[PDB]
$ cat start00.txt   # compact mmCIF, N, CA, C and O atoms and all ligand atoms
# COMPACT_ATOMS: atom_id res chain seq x y z
N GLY K 1 -38.81 32.07 -3.19
CA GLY K 1 -39.88 31.21 -3.76
C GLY K 1 -39.48 29.74 -3.77
O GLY K 1 -38.61 29.34 -2.98
N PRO K 2 -40.09 28.91 -4.64
CA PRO K 2 -39.77 27.48 -4.77
C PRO K 2 -38.31 27.20 -5.16
O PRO K 2 -37.68 28.00 -5.86
N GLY K 3 -37.77 26.05 -4.73
CA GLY K 3 -36.41 25.62 -5.03
C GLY K 3 -36.21 25.21 -6.50
O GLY K 3 -37.03 24.46 -7.06
N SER K 4 -35.14 25.69 -7.14
CA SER K 4 -34.77 25.39 -8.54
C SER K 4 -33.24 25.55 -8.75
O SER K 4 -32.68 26.61 -8.48
N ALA K 5 -32.52 24.52 -9.20
CA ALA K 5 -32.95 23.14 -9.44
C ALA K 5 -33.30 22.35 -8.15
O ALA K 5 -33.95 21.31 -8.21
N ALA K 6 -32.89 22.87 -6.99
CA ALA K 6 -33.15 22.32 -5.65
C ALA K 6 -33.21 23.44 -4.59
O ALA K 6 -32.91 24.61 -4.88
N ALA K 7 -33.56 23.09 -3.34
CA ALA K 7 -33.36 23.98 -2.19
C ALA K 7 -31.86 24.24 -1.94
O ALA K 7 -31.06 23.30 -1.95
N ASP K 8 -31.48 25.50 -1.71
CA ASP K 8 -30.10 25.97 -1.52
C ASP K 8 -29.15 25.62 -2.69
O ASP K 8 -27.95 25.41 -2.49
N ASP K 9 -29.65 25.55 -3.93
CA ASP K 9 -28.84 25.25 -5.12
C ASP K 9 -27.74 26.31 -5.37
O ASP K 9 -26.62 25.99 -5.76
N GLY K 10 -28.02 27.58 -5.05
CA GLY K 10 -27.06 28.69 -5.13
C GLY K 10 -25.86 28.56 -4.18
O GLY K 10 -24.77 29.05 -4.52
N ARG K 11 -26.00 27.87 -3.04
CA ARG K 11 -24.89 27.65 -2.09
C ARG K 11 -23.84 26.69 -2.65
O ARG K 11 -22.65 26.86 -2.36
N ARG K 12 -24.23 25.74 -3.51
CA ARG K 12 -23.27 24.90 -4.27
C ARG K 12 -22.49 25.75 -5.27
O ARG K 12 -21.28 25.60 -5.34
N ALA K 13 -23.15 26.65 -6.00
CA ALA K 13 -22.51 27.48 -7.03
C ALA K 13 -21.38 28.38 -6.48
O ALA K 13 -20.36 28.58 -7.16
N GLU K 14 -21.51 28.88 -5.24
CA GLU K 14 -20.47 29.65 -4.54
C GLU K 14 -19.18 28.84 -4.30
O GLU K 14 -18.08 29.38 -4.38
N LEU K 15 -19.30 27.54 -4.02
CA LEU K 15 -18.18 26.61 -3.81
C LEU K 15 -17.70 25.98 -5.14
O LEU K 15 -16.50 25.76 -5.31
N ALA K 16 -18.60 25.73 -6.09
CA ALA K 16 -18.31 25.05 -7.36
C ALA K 16 -17.35 25.84 -8.26
O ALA K 16 -16.53 25.24 -8.96
N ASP K 17 -17.39 27.18 -8.24
CA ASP K 17 -16.43 28.02 -8.95
C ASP K 17 -15.00 27.86 -8.39
O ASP K 17 -14.03 27.76 -9.15
N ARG K 18 -14.86 27.75 -7.06
CA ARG K 18 -13.58 27.51 -6.37
C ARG K 18 -13.05 26.10 -6.67
O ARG K 18 -11.88 25.95 -7.02
N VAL K 19 -13.93 25.09 -6.65
CA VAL K 19 -13.63 23.71 -7.09
C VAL K 19 -13.12 23.69 -8.53
O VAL K 19 -12.07 23.11 -8.80
N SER K 20 -13.81 24.37 -9.46
CA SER K 20 -13.46 24.39 -10.88
C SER K 20 -12.08 24.99 -11.14
O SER K 20 -11.29 24.42 -11.89
N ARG K 21 -11.73 26.10 -10.47
CA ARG K 21 -10.39 26.71 -10.51
C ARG K 21 -9.30 25.80 -9.91
O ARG K 21 -8.19 25.72 -10.45
N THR K 22 -9.64 25.09 -8.83
CA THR K 22 -8.73 24.18 -8.12
C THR K 22 -8.42 22.94 -8.97
O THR K 22 -7.26 22.53 -9.08
N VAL K 23 -9.43 22.39 -9.65
CA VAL K 23 -9.30 21.31 -10.65
C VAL K 23 -8.48 21.77 -11.85
O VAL K 23 -7.54 21.07 -12.25
N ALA K 24 -8.76 22.96 -12.40
CA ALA K 24 -8.05 23.53 -13.55
C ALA K 24 -6.53 23.66 -13.29
O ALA K 24 -5.73 23.26 -14.14
N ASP K 25 -6.13 24.14 -12.11
CA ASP K 25 -4.73 24.24 -11.71
C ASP K 25 -4.04 22.87 -11.55
O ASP K 25 -2.85 22.73 -11.86
N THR K 26 -4.78 21.84 -11.12
CA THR K 26 -4.26 20.48 -10.97
C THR K 26 -4.01 19.80 -12.33
O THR K 26 -2.96 19.19 -12.53
N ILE K 27 -4.96 19.91 -13.28
CA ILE K 27 -4.89 19.23 -14.59
C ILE K 27 -4.24 20.06 -15.71
O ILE K 27 -3.97 19.54 -16.79
N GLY K 28 -3.97 21.35 -15.46
CA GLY K 28 -3.29 22.26 -16.39
C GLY K 28 -4.15 22.84 -17.53
O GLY K 28 -3.60 23.45 -18.45
N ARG K 29 -5.48 22.67 -17.49
CA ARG K 29 -6.43 23.25 -18.47
C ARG K 29 -6.87 24.68 -18.09
O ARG K 29 -6.78 25.03 -16.91
N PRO K 30 -7.37 25.50 -19.03
CA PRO K 30 -8.01 26.78 -18.72
C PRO K 30 -9.24 26.60 -17.81
O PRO K 30 -10.03 25.68 -18.01
N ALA K 31 -9.44 27.49 -16.83
CA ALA K 31 -10.53 27.39 -15.85
C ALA K 31 -11.94 27.43 -16.47
O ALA K 31 -12.87 26.82 -15.95
N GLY K 32 -12.10 28.09 -17.62
CA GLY K 32 -13.35 28.15 -18.39
C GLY K 32 -13.78 26.83 -19.04
O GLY K 32 -14.95 26.69 -19.42
N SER K 33 -12.88 25.85 -19.16
CA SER K 33 -13.20 24.50 -19.70
C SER K 33 -13.88 23.58 -18.67
O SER K 33 -14.52 22.59 -19.05
N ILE K 34 -13.76 23.89 -17.37
CA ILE K 34 -14.27 23.08 -16.25
C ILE K 34 -15.72 23.46 -15.91
O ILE K 34 -16.12 24.63 -16.04
N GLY K 35 -16.52 22.50 -15.44
CA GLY K 35 -17.89 22.72 -14.96
C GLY K 35 -18.43 21.57 -14.10
O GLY K 35 -17.91 20.45 -14.15
N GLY K 36 -19.48 21.83 -13.33
CA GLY K 36 -20.00 20.92 -12.29
C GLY K 36 -20.35 19.51 -12.77
O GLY K 36 -20.01 18.52 -12.13
N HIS K 37 -20.98 19.40 -13.95
CA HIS K 37 -21.39 18.13 -14.56
C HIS K 37 -20.25 17.36 -15.26
O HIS K 37 -20.47 16.26 -15.78
N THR K 38 -19.03 17.91 -15.32
CA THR K 38 -17.91 17.30 -16.07
C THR K 38 -17.42 16.02 -15.37
O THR K 38 -17.02 16.06 -14.20
N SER K 39 -17.42 14.90 -16.10
CA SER K 39 -16.89 13.61 -15.60
C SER K 39 -15.40 13.69 -15.31
O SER K 39 -14.63 14.32 -16.05
N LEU K 40 -14.95 13.04 -14.23
CA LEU K 40 -13.55 13.04 -13.82
C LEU K 40 -12.64 12.28 -14.81
O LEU K 40 -11.45 12.59 -14.94
N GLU K 41 -13.21 11.33 -15.57
CA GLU K 41 -12.53 10.63 -16.67
C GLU K 41 -12.21 11.57 -17.85
O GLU K 41 -11.11 11.53 -18.40
N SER K 42 -13.14 12.47 -18.19
CA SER K 42 -12.96 13.50 -19.22
C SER K 42 -11.89 14.55 -18.86
O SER K 42 -11.35 15.23 -19.74
N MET K 43 -11.58 14.69 -17.57
CA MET K 43 -10.50 15.53 -17.02
C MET K 43 -9.20 14.77 -16.75
O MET K 43 -8.21 15.38 -16.33
N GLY K 44 -9.15 13.45 -17.00
CA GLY K 44 -7.95 12.62 -16.85
C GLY K 44 -7.47 12.46 -15.40
O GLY K 44 -6.26 12.34 -15.17
N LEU K 45 -8.38 12.53 -14.42
CA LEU K 45 -8.06 12.46 -12.99
C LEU K 45 -7.74 11.03 -12.53
O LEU K 45 -8.59 10.31 -11.97
N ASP K 46 -6.50 10.61 -12.79
CA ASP K 46 -5.90 9.37 -12.29
C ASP K 46 -5.49 9.48 -10.81
O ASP K 46 -5.50 10.58 -10.25
N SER K 47 -5.09 8.39 -10.16
CA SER K 47 -4.66 8.34 -8.74
C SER K 47 -3.72 9.48 -8.30
O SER K 47 -3.95 10.12 -7.27
N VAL K 48 -2.65 9.76 -9.06
CA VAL K 48 -1.67 10.81 -8.75
C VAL K 48 -2.30 12.21 -8.79
O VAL K 48 -2.06 13.03 -7.90
N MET K 49 -3.15 12.47 -9.79
CA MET K 49 -3.93 13.71 -9.89
C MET K 49 -4.97 13.82 -8.77
O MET K 49 -5.17 14.91 -8.24
N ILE K 50 -5.62 12.72 -8.37
CA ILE K 50 -6.56 12.67 -7.24
C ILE K 50 -5.87 12.97 -5.90
O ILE K 50 -6.39 13.76 -5.11
N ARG K 51 -4.68 12.41 -5.65
CA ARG K 51 -3.88 12.71 -4.45
C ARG K 51 -3.45 14.18 -4.38
O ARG K 51 -3.51 14.78 -3.31
N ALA K 52 -3.09 14.77 -5.52
CA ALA K 52 -2.81 16.21 -5.63
C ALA K 52 -4.09 17.06 -5.42
O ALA K 52 -4.07 18.02 -4.65
N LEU K 53 -5.20 16.68 -6.06
CA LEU K 53 -6.47 17.40 -6.00
C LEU K 53 -7.08 17.41 -4.59
O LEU K 53 -7.60 18.44 -4.17
N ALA K 54 -6.96 16.32 -3.82
CA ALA K 54 -7.39 16.26 -2.43
C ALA K 54 -6.67 17.31 -1.55
O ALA K 54 -7.31 18.06 -0.81
N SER K 55 -5.34 17.41 -1.68
CA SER K 55 -4.53 18.42 -0.99
C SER K 55 -4.86 19.85 -1.44
O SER K 55 -5.06 20.74 -0.61
N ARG K 56 -5.02 20.06 -2.75
CA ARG K 56 -5.42 21.34 -3.35
C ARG K 56 -6.82 21.80 -2.90
O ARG K 56 -6.96 22.95 -2.49
N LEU K 57 -7.82 20.92 -2.88
CA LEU K 57 -9.17 21.21 -2.35
C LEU K 57 -9.13 21.53 -0.85
O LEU K 57 -9.80 22.46 -0.41
N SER K 58 -8.30 20.82 -0.07
CA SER K 58 -8.11 21.11 1.36
C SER K 58 -7.50 22.49 1.63
O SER K 58 -7.85 23.14 2.62
N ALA K 59 -6.63 22.98 0.74
CA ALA K 59 -6.00 24.30 0.81
C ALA K 59 -6.89 25.46 0.31
O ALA K 59 -6.70 26.60 0.74
N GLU K 60 -7.85 25.20 -0.60
CA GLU K 60 -8.55 26.25 -1.38
C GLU K 60 -10.08 26.22 -1.31
O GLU K 60 -10.73 27.22 -1.66
N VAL K 61 -10.69 25.13 -0.85
CA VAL K 61 -12.16 24.94 -0.80
C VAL K 61 -12.61 24.47 0.59
O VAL K 61 -13.13 25.28 1.36
N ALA K 62 -12.36 23.20 0.94
CA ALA K 62 -12.56 22.62 2.27
C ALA K 62 -11.82 21.27 2.42
O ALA K 62 -11.61 20.59 1.40
N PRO K 63 -11.43 20.84 3.64
CA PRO K 63 -10.68 19.60 3.87
C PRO K 63 -11.33 18.34 3.29
O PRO K 63 -12.51 18.08 3.53
N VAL K 64 -10.55 17.54 2.56
CA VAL K 64 -10.99 16.28 1.93
C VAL K 64 -9.81 15.33 1.65
O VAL K 64 -8.72 15.77 1.29
N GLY K 65 -10.03 14.02 1.82
CA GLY K 65 -9.05 12.96 1.49
C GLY K 65 -9.28 12.35 0.10
O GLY K 65 -10.41 12.37 -0.40
N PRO K 66 -8.25 11.76 -0.54
CA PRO K 66 -8.38 11.16 -1.88
C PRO K 66 -9.35 9.96 -1.92
O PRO K 66 -9.94 9.68 -2.96
N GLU K 67 -9.60 9.30 -0.78
CA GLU K 67 -10.59 8.22 -0.64
C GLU K 67 -12.02 8.67 -1.00
O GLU K 67 -12.78 7.89 -1.59
N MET K 68 -12.39 9.93 -0.72
CA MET K 68 -13.65 10.51 -1.20
C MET K 68 -13.62 10.76 -2.72
O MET K 68 -14.61 10.48 -3.40
N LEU K 69 -12.50 11.25 -3.25
CA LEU K 69 -12.36 11.59 -4.67
C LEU K 69 -12.45 10.36 -5.59
O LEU K 69 -13.05 10.45 -6.67
N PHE K 70 -11.93 9.20 -5.17
CA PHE K 70 -12.10 7.93 -5.90
C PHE K 70 -13.57 7.45 -5.98
O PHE K 70 -13.90 6.68 -6.89
N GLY K 71 -14.45 7.92 -5.09
CA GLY K 71 -15.88 7.59 -5.08
C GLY K 71 -16.77 8.49 -5.95
O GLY K 71 -17.97 8.22 -6.07
N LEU K 72 -16.23 9.56 -6.55
CA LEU K 72 -16.97 10.57 -7.30
C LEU K 72 -17.40 10.13 -8.71
O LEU K 72 -16.70 9.36 -9.39
N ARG K 73 -18.52 10.69 -9.18
CA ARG K 73 -18.97 10.73 -10.58
C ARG K 73 -18.46 11.97 -11.32
O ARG K 73 -17.87 11.88 -12.40
N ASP K 74 -18.68 13.14 -10.73
CA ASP K 74 -18.37 14.48 -11.26
C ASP K 74 -18.28 15.51 -10.12
O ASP K 74 -18.45 15.18 -8.93
N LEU K 75 -17.97 16.77 -10.45
CA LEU K 75 -17.76 17.84 -9.46
C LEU K 75 -19.04 18.25 -8.71
O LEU K 75 -18.96 18.76 -7.59
N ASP K 76 -20.23 17.98 -9.26
CA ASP K 76 -21.53 18.16 -8.57
C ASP K 76 -21.67 17.26 -7.33
O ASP K 76 -22.21 17.69 -6.30
N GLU K 77 -21.15 16.03 -7.36
CA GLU K 77 -21.12 15.13 -6.19
C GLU K 77 -20.10 15.59 -5.14
O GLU K 77 -20.34 15.49 -3.93
N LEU K 78 -18.96 16.16 -5.59
CA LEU K 78 -17.90 16.68 -4.72
C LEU K 78 -18.35 17.95 -3.98
O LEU K 78 -18.18 18.04 -2.76
N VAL K 79 -18.95 18.92 -4.68
CA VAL K 79 -19.35 20.20 -4.06
C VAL K 79 -20.47 20.02 -3.02
O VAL K 79 -20.45 20.71 -2.01
N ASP K 80 -21.35 19.03 -3.18
CA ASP K 80 -22.33 18.64 -2.14
C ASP K 80 -21.66 18.15 -0.83
O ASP K 80 -22.21 18.37 0.25
N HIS K 81 -20.46 17.55 -0.91
CA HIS K 81 -19.67 17.17 0.27
C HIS K 81 -18.98 18.39 0.91
O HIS K 81 -19.06 18.57 2.12
N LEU K 82 -18.34 19.25 0.10
CA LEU K 82 -17.58 20.39 0.61
C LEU K 82 -18.45 21.55 1.14
O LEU K 82 -18.08 22.16 2.14
N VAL K 83 -19.61 21.81 0.53
CA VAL K 83 -20.56 22.82 1.03
C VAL K 83 -21.17 22.43 2.39
O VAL K 83 -21.44 23.29 3.22
N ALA K 84 -21.33 21.12 2.64
CA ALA K 84 -21.80 20.57 3.90
C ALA K 84 -20.70 20.50 4.99
O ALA K 84 -21.01 20.54 6.19
N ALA K 85 -19.42 20.42 4.59
CA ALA K 85 -18.27 20.42 5.50
C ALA K 85 -18.01 21.80 6.15
O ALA K 85 -17.53 21.86 7.29
N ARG K 86 -18.36 22.90 5.46
CA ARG K 86 -18.30 24.28 5.96
C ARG K 86 -19.39 24.60 7.00
O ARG K 86 -20.57 24.24 6.78
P1 LIG K 101 -4.40 4.41 -8.57
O1 LIG K 101 -3.03 4.36 -8.00
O2 LIG K 101 -5.48 3.61 -7.94
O3 LIG K 101 -4.33 3.99 -10.11
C1 LIG K 101 -3.44 4.64 -10.99
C2 LIG K 101 -3.63 4.14 -12.44
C3 LIG K 101 -2.67 4.94 -13.34
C4 LIG K 101 -3.19 2.66 -12.50
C5 LIG K 101 -5.12 4.31 -12.87
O4 LIG K 101 -5.53 5.69 -12.72
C6 LIG K 101 -5.45 3.75 -14.28
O5 LIG K 101 -5.40 4.47 -15.28
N1 LIG K 101 -5.80 2.46 -14.36
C7 LIG K 101 -6.15 1.76 -15.59
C8 LIG K 101 -4.89 1.17 -16.22
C9 LIG K 101 -5.14 0.39 -17.51
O6 LIG K 101 -6.29 0.11 -17.86
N2 LIG K 101 -4.12 0.01 -18.27
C10 LIG K 101 -2.70 0.25 -18.03
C11 LIG K 101 -2.26 1.54 -18.73
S1 LIG K 101 -0.49 1.83 -18.42
$ encode --input "start00.txt" --output "C-alpha cells" --more "lines below"
Ligand SMILES: *P(=O)(O)OCC(C)(C)[C@@H](O)C(=O)NCCC(=O)NCCS
Amino acid sequence: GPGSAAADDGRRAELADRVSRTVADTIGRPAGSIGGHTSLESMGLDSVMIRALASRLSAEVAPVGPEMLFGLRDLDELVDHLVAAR
C-alpha cells in the first residue's frame, strides 16, 4: 500500500539495527540505548570515536570514511547513505 513513514522505510530498519549495535560497541553503551533519531553529540562521538566508527561501519554495515560521519545529524542520515551503498 502507501509509503509510511516513506517509500522503502523498512529497508532502512534492516541496516539501522546493525548501525545501532556498531555504534554501541564503539561508545561502550548497551545496544538498547541506541536509536535512529539519536544525536551524535548525545552519544559523545568526538573525532577519535568517529575515526573508529567509520572503520567499524565498514567492517559490519557498509564501507564509509570519517569525512561522511563529521557531516551527520543522527543515525537516520547515516543509514540513508549505507542502504544506498549496498
Ligand atoms: P577532531 O579531531 O576534529 O576534534 C576532536 C575534538 C576533541 C577537539 C572535538 O571532538 C571537540 O570536542 N571539540 C571541542 C573542544 C572544546 O570546545 N573545548 C576544548 C575541550 S578540551
$ atom_distance --input "start00.txt" --atom1 "atom C of residue 78 of chain K" --atom2 "atom CA of residue 4 of chain K"
18.6 Å
$ residues_near_point --input "start00.txt" --point "(-18.2, 11.8, -14.5)" --cutoff "6 Å" --atoms "all atoms listed in the file" --output "list in words"
residues 37, 38, 39, 40, 41, 72, 73 and 74 of chain K
$ residues_near_ligand --input "start00.txt" --ligand "ligand LIG 101 (chain K)" --cutoff "7 Å" --atoms "only N, CA, C and O atoms and all ligand atoms" --output "ChimeraX atom specification"
/K:45-48
$ closest_residue --input "start00.txt" --among "K:13, K:27, K:5, K:69" --to "residue 54 of chain K" --atoms "only N, CA, C and O atoms"
K:69
$ closest_residue --input "start00.txt" --among "K:70, K:12, K:52, K:1" --to "residue 26 of chain K" --atoms "only N, CA, C and O atoms"
K:52
$ atom_distance --input "start00.txt" --atom1 "atom N of residue 3 of chain K" --atom2 "atom C of residue 71 of chain K"
27.4 Å
$ residues_around --input "start00.txt" --residues "segment 61-64 of chain K" --least-positions-apart "3" --cutoff "8 Å" --atoms "all atoms listed in the file" --output "PyMOL selection string"
chain K and resi 15+18-19+22+50-58+67-69+81-83+85-86
$ atom_distance --input "start00.txt" --atom1 "atom C of residue 25 of chain K" --atom2 "atom O of residue 7 of chain K"
28.7 Å
